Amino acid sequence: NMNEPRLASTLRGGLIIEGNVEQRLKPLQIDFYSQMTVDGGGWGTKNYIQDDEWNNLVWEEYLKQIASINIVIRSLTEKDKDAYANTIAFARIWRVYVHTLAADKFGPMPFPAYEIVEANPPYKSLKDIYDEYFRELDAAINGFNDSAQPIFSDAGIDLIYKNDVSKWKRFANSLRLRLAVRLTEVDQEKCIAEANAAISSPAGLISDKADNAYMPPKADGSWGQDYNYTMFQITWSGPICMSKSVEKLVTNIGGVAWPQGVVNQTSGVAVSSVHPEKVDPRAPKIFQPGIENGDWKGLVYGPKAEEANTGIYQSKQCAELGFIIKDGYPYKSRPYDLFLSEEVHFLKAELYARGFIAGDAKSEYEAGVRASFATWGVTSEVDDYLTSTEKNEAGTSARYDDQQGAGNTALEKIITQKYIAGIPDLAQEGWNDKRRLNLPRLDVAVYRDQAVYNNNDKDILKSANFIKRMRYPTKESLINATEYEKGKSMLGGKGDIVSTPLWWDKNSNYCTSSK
């Protein structure tokens, strides 16, 4: 009967924004892997060394949230499937979304079914997991009915769309397009067929800022219930830095000169002479100068833990998060970005540029960049940015027609702009595209787990130099051995380690940067 309070807790719960398990999967893992942000601390995950205690908490939390959504779906379908059709349809969408965050990290894993109560849910291949995604998303879009009860009894309960069914259909369809482009390397036939179904759907996609999916934090004074980057960097005085790789991507590109009055809003220290002459207008709005000396430079990624906060690795002397400060105070109430209209444009832009589907790649590329400059309040700069031939330190320019030079291909432009538009909340999609296309260009970590990596191999064009997955919790090999070995067999290769490429990962390299 009381299924609403259970399904309402899976909204923030499934996304994991409680500042505890969140810290151990977002800033201290997938942020390091995508290099979207770099906490200055001496964490071993920066060197791709797994913390099994963290991975177990992350693994248990996602499956706990999926099981909770399954309790609501199973009880409502049995009680009244026709009357609670809009609640069941939404629950099937959120069940898909939450599981993607788990499956894109660990790979083949359990996907507990809602139809029956599984005593020990079996490990499923990423093929079966992804085939279930599209199947569930398609049925859930057709599941909604205006005659049925609203998603929740109160509109305020739905933190994302406030009971707006049409916006949930757009998000579900945008997720179908996102998971379809994930299969460009492993299965072009399914990638194109699922993307065509997503683009042709009458439900539509996230086509404008009004359709964007956000998750607002509580911001009610409760511990770890804010936009938690504010607690890690400001409250705990731990700089979360811009990476050297991102500095190379945002420098010079767009031709727009460095803006005036750039200061660290925590210490009040103005930007030093250490900053580029020209920079992407979004960069100084995402990252503020170093809290100690005002240097605006990227933190070199992945040195040995004992070298953290020493020499060039001083996080207080590198550019840190700046958008987490609003009106002179910590932006604690900032909603988490789930799916923005920018990504939908770059998803279609990639499919059109690669000749997978017929369409105007340039128009989708520019519409994506313009929506991102609107998101970061720099629309007055987007016209000069898009017409500039100035190349970043990867060799990529913003002008779509200027496809000459190393690192300046059409696909490299799309992924560079898709990556910047996703900083930092879309780190999982940043890590997904880095595994799928080896894009954008990122620096190879100074030190990586020597039991897994050859430190002499720092070729940026080798996708195997970048982490492929997070290891399973080691407790799975002890109390769930039969199913753990099945998951290990599905992974193949060297087994349950960080360097094993996932099903959709063919170690494809589309980076053409010379340096």
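Residue indices: 1-based, along the sequence shown.
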Quiz item: As stated in the PDB record, which stretch has the larger average Cα B-factor, 340-348 or 67-75?
Solution: 67-75
Quiz item: Between 359-367 and 321-329, which has the larger average Cα B-factor in the PDB entry?
Solution: 321-329
Exercise. Could you say which of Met490, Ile467, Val58, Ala481 has its CA atom at the highest B factor, as listed in the PDB entry?
Key: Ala481
Quiz prompt | Out of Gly204, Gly107, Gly422, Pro239, highest CA B-factor residue | solution = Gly204
Quiz prompt | For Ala148, the third of its chain into which the C-alpha B factor falls | solution = highest
Quiz item: How does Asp208 rank on Cα B-factor within its chain, lowest, middle or highest third?
Solution: highest
Quiz item: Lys494: which third of its chain by C-alpha temperature factor?
Solution: highest
Quiz item: Lowest, middle or highest third of the chain for the C-alpha temperature factor of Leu25?
Solution: middle
Quiz item: Within this chain, which third does the Cα B-factor at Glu194 fall in: lowest, middle or highest?
Solution: middle
